[PDB]
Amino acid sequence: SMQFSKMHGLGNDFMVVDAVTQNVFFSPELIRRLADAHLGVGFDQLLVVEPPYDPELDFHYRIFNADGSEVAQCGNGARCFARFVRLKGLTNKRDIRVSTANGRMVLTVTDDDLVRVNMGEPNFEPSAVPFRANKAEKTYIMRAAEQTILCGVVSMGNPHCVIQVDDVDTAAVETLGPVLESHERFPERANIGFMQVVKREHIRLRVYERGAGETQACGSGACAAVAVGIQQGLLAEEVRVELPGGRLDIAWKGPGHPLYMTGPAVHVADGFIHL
């Protein structure tokens, strides 16, 4: 009887398995079986907590998809992992050092039991976004076909373009989104974000991602909108973000500082299953 837990974070559903105190090998055949909702468990992505490879780190964890392949997307599942190792008594630390397929991070669990991630210092250099531009400005002007509009652009590893909208269900995201996603001045495209300022520390937003479109939660876009809304001067140190997938709390002191993002992870259920 291999035990597991169902957890939910960033609008997506994780099956989480303690493979530290359990002897389980996840062959892609086994993963495919567990992905089946009737023969196995039923998950969108599988998160496996493993012993660390480096003696100075606490754990290593992997994420597999339903096809049985390893997924390597930065920061994915970090919130559920950090809460899981604490819930299962695998560790009592609040600053968890862990390696993934994309490197190593340090996760901090606040005492309200939500997970903080350091995602680096955002970069407004147009050569790094990339962005067809002469040099950086707090806003830019781009003519989306018959329509003019003004934006900030920033890189957080991935390109992001951000526009202020005066309400997010008042958004033509399905027509505007694709036009700026595939815009001439974005040689590697860009995640566009529609940002509705409610207060200097509260923001509703919807994201048309770089290649997928709108998803329940895109953490990259949440930090990007807040990163410029401060560089533009319209927001405070800390900002609450409200997306269709849930709420995120973002923090940044400005250039020369790293940006932190804090989010929830909810422990849905616990489970048995015989392999």
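Each residue number is its position in the shown sequence, starting from 1.
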query	finding
Stretch with the higher entry mean CA B-factor, where the candidates are 80-88 and 151-159	151-159
Comparing 107-115 with 139-147, the one whose average Cα B-factor in the PDB entry is higher	139-147
Which of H38, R62, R206, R32 ranks first by CA B-factor in the deposited coordinates	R206
Position of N102 among the chain's modelled residues by C-alpha B-factor, lowest, middle or highest third	middle
Where the record places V49 (Cα B-factor, split into thirds across the chain)	lowest
Chain-wide C-alpha B factor ranking for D58, given as lowest, middle or highest third	lowest
Cα B factor band for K93 (lowest, middle or highest third within the chain)	lowest
B-factor third for the C-alpha atom of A66 within its chain	lowest
